[PDB]
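Because only heavy atoms are used, hydrogens play no part in the values below, and waters and symmetry mates are left out as well, while side chains stay in. Per chain, numbering begins at 1; letters A, B, ... match sequence-line order.
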There are 2 protein chains.
Amino acid sequence: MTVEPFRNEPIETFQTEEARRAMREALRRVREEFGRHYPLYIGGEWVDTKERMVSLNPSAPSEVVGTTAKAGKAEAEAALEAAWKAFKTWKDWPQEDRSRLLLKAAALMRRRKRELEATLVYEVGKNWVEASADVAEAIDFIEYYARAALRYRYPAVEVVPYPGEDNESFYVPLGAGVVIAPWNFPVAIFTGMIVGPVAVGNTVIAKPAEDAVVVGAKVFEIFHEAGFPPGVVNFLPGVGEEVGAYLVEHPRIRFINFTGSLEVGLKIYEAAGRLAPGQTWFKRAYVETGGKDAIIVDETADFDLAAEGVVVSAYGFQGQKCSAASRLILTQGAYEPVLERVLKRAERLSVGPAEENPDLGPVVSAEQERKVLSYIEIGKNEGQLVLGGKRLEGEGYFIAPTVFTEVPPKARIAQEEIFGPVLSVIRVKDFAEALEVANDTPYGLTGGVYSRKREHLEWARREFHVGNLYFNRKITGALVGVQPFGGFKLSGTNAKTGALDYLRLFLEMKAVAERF
Amino acid sequence: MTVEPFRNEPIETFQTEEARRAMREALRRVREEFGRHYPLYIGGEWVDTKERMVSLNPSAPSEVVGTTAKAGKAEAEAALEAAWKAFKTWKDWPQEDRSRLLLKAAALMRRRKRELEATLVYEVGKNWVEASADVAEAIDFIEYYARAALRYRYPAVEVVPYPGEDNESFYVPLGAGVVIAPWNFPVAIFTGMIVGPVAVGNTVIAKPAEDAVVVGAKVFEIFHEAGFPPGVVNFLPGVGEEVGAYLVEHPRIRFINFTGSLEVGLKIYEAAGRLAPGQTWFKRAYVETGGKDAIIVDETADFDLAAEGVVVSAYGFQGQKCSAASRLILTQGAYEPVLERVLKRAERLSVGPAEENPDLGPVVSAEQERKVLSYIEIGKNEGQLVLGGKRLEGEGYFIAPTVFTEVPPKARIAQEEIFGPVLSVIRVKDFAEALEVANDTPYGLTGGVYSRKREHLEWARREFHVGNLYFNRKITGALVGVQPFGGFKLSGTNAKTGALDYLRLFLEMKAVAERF
Ligand SMILES: NC(=O)c1ccc[n+]([C@@H]2O[C@H](COP(=O)([O-])OP(=O)(O)OC[C@H]3O[C@@H](n4cnc5c(N)ncnc54)[C@H](O)[C@@H]3O)[C@@H](O)[C@H]2O)c1
Ligand SMILES: NC(=O)c1ccc[n+]([C@@H]2O[C@H](COP(=O)([O-])OP(=O)(O)OC[C@H]3O[C@@H](n4cnc5c(N)ncnc54)[C@H](O)[C@@H]3O)[C@@H](O)[C@H]2O)c1
Ligand code: NA
Ligand code: NA
């Protein structure tokens, strides 16, 4: 197989009339279909259930955006049978054939990008560019993994020869596994976590987040049209602690690919370490969990550039990103100039229905709203509220961009993942102390430094202990291929997405010697 | 760093007078040294304790080969402090410097090879060639990992460029971890599991098996002479279920590198999945566990070649190998001719004190003897005893080469790892049934096929589900670099030793972007 060198899918900015027209058209088509019901997808067919899952518009939660079937234990068993049956033959496809299937799915996704973006807007409250970035990232994962999988093809392993023998080492896929996905990147991460394992010959049972079941179904429409053989990919919307846990704990689940909260990741990793009755392998579990990400700014920085990057990083998709800047660490010389600029910019941010392309849409659910508001209450006891900190008018879950200052580094709002538009500002003496404060959390996902001082940047390169570090730019929006994505410490297992290393996680090696 | 291409250390056969003379002198000096005491090694110094570990000669267990100090919780804590302190600076050594340190250790081990072989003869009852293979493999691990580590050096990751930015991804070591090692390859596997992680900048607390503490100490003499900085490698002989478990469960242990029984591996993998109080990472655990390994022979095979390779694979080091042929699966046409030849060869095998260079020395301990004899009793009620099945006369733990035939595939002796000189012969119709029987165990470590039929060999290449498969040769003695070693299923986590992929297990990746 020979295709063009990988390039990232351009993120639409909607600066042209044609792009805005195309978006409005997509928004209309999507809302005209709010009545739709999407079944499970098991063994190559759409299979309905008695019970259902309801998905709401977080900008107008009295409005249903769609319903799906609801997978329980019986449907999990059906999916397991289908996935193990498919594995027996899918594992034997030439890599070139599997890679071409991914490339087809990517081409189909690219053709439906406005529809998918519009679905993100209405289902999870992304503004237009956040939605476009999400879909473009999904396309990127498919294009990238299609190509990366060829680097592992039979027989890929470099071994030392021995006289009178052929020695041949090669990779084989593991089996059928479960993918458990979050609501915050429910096209990008959902797609990546499925197609990586699948590309190299695994089969997958995919469990979308409850808040993003409709857009997950639309991704499965693409997989179905692409023509993945029956059982290779399966769609099981349902309750995480029910069907999700059932699959995690199952003796016949070979691996678990999880992205989500630390709370859940901890349970999954623990369960994965147990031998279920009758289980005949050591389960692999990849858990990519939260962050408490900081941007450090020192007195040598471009303060206007820093302020812009901080606001983008803190408030993009309402701060509901594992990569979001939730801490702003300012050295004494940087404190007033940067804080004043951050406040001036943040106070100009618009909040409203996502479809109007505001700076911020709503948080995703009543539960998220409750969590973020509860953290705002905690923060009022720990630091000084200086901006926002309120729900805004309307049924939608609109929360104002929030800033706390004078926040102690060990404060709950400085340690715990709030996952909302809440920035904690911490004053430190110098760069050394900035790094100490940056590192002193249980997490290690993203981080940033604004500074012109070379020695500070290079010191951070060595010592700011996060998996994805950025200098003089935003700390969100890691691009597939460019910035292998994944953290340290309780940010998870360091499964680096959009990197060659990712696919190795879903392979095991056999060594076969013939003495002639 | 530029060195000669890797080559495996030749295994001494002792056919020349020069080799015999050298070995006789080494054995004499080791024997003259019986009763020596070896302290712990923590933070670059030898540290004694009040309690001790006693190491007996299994050929004459009234004889004490040596004693060591005994590590408990306080010593584990001291080692943790030393290893983490050392990690802070060891991780920053240029890879070339760390690799040169390994190469020095290899040169020192090579110069002491006869002494180390002699120590294995007395301490774990290896005959001369089994001892030589063990030490040669240890040297191979050091030489191989020293070179492989350079392939990961800063900045090693292939990434996609982005306009206006430098994007740099690179590997960093994890931290301080624990190595927990078996008695059966107490130089090779002990050395490999330590030096791999250490090569790429980790630090290690090494827990040798109780029955092999003296030879573990001699490996540490080499590490000390080589000049590893204080704290980089630490030696904690002690009780596995005490100090070993303490380290496995500790919130400050970053990774666990384990090779040993399935029973213990299961406990370790489960414990590793738990977040210990105050722990700030997801522990990595590699567990390389047992096997129930089969050789298939069909009617097309060279029966004489097959019988020789079966006898070598089944009885080498008294069957005390994770790779040992404990099952012989014969198609109908192969049954009589191969079994006849196997019995005739096996009944000629000598058994006696390992110093005499017999075909088989003793099993390693009274407990091992008890377990093997117990399995022989079980076997008598499951299959047909046709050779051996007895303890031989003498103080040493001598067990005769044993063969059961017409063994049901689901019999305990056909399923459970006995780890002694006990071969279970299984009669099947054809090659298809041979593969079914071969695959139907909880394990998946080594396997072999003797056949001249190309289609049967290539079928096994695809479907005989073991990590290390060999055609028309013995299934033991995987060579570093040549045959990446490690299994499937309950044979472990497929950490492939003596392969480039091994070192990746002890690294995490950071991605750093600078926008100019
Ligand atoms: N590290 C990363 O790459 C990354 C990326 C995106 C999001 N996240 C994290 O995701 C979190 C937000 O996503 P979320 O709210 O969907 O997380 P969540 O943990 O609540 O749920 C994630 C998924 O797990 C399922 N689930 C819930 N409980 C389960 C259980 N006990 N067993 C099995 N499955 C269960 C849910 O139904 C959902 O599909 C944040 O912490 C964020 O940091 C991390
Ligand atoms: N897969 C492989 O590469 C491979 C290689 C060699 C040996 N083995 C396996 O090793 C076994 C024989 O070795 P062994 O008898 O030394 O095995 P073992 O499991 O009894 O002990 C191995 C090590 O673990 C320690 N240990 C025991 N209990 C522990 C606990 N609860 N927590 C932490 N550590 C503990 C022991 O002290 C020893 O150091 C066989 O099953 C064999 O197949 C596997
Ligand atoms: Na929704
Ligand atoms: Na001993």
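Only the side chain of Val287(A) comes within contact range of chain B, with at least one heavy atom under 4.5 Å from a heavy atom of that chain. Contact of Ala460(A) with chain B is made through the backbone alone, with heavy-atom distances under 4.5 Å. Using a 4.5 Å cut-off between heavy atoms, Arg7(B) does not touch chain A at all. For a residue to count as touching a neighbouring chain, one of its non-hydrogen atoms must lie under 4.5 Å from one of that chain's; by this rule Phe170(B) touches chain A with the side chain only. When heavy atoms are compared at a cutoff of 4.5 Å, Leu262(B) approaches chain A solely by way of its side chain, counted from C-beta outward. For a residue to count as touching a neighbouring chain, one of its non-hydrogen atoms must lie under 4.5 Å from one of that chain's; by this rule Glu165(B) touches chain A with the side chain only. Heavy atoms of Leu479(A) lying under 4.5 Å from chain B belong exclusively to its side chain. Contacts between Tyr443(A) and chain B at a heavy-atom distance below 4.5 Å are absent for every atom of the residue. If you measure heavy-atom distances from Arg452(A) to chain B, you find no contacts under 4.5 Å at all. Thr493(A) touches chain B through backbone and side chain together, each having a heavy atom under 4.5 Å away. For chain A, the nearby part of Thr289(B) is the side chain; its heavy atoms alone come within less than 4.5 Å.
Remark: the backbone N or O of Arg515(B) is not paired with any side-chain donor or acceptor of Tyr470(A) at under 3.5 angstrom. Under a 3.5 Å cut-off, the side chain of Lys510(A) and the backbone N or O of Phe464(B) do form a donor-acceptor pair.
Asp166(A) CG to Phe471(B) CZ: the interatomic distance, rounded to the nearest 0.5 Å, is 10.0 Å. In this structure, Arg274(B) CZ and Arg274(A) CZ are separated by 10.0 Å, a value rounded to the nearest 0.5 Å.
For the pair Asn494(B) and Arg284(A), the minimum side-chain heavy-atom distance is below 4.5 Å. Counting heavy atoms from C-beta outward, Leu266(B) and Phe282(A) have side chains that approach closer than 4.5 Å. Proximity of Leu275(A) to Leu490(B): side-chain heavy atoms (C-beta onward) are separated by under 4.5 Å at one or more points.
Between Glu168(A) and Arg462(B) there is no salt bridge, since no side-chain nitrogen of the basic residue lies less than 4.0 Å from a carboxylate oxygen of the acidic one. Under 4.0 Å is where a charged nitrogen must lie from a carboxylate oxygen, and between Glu158(A) and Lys496(B) no such pair does.
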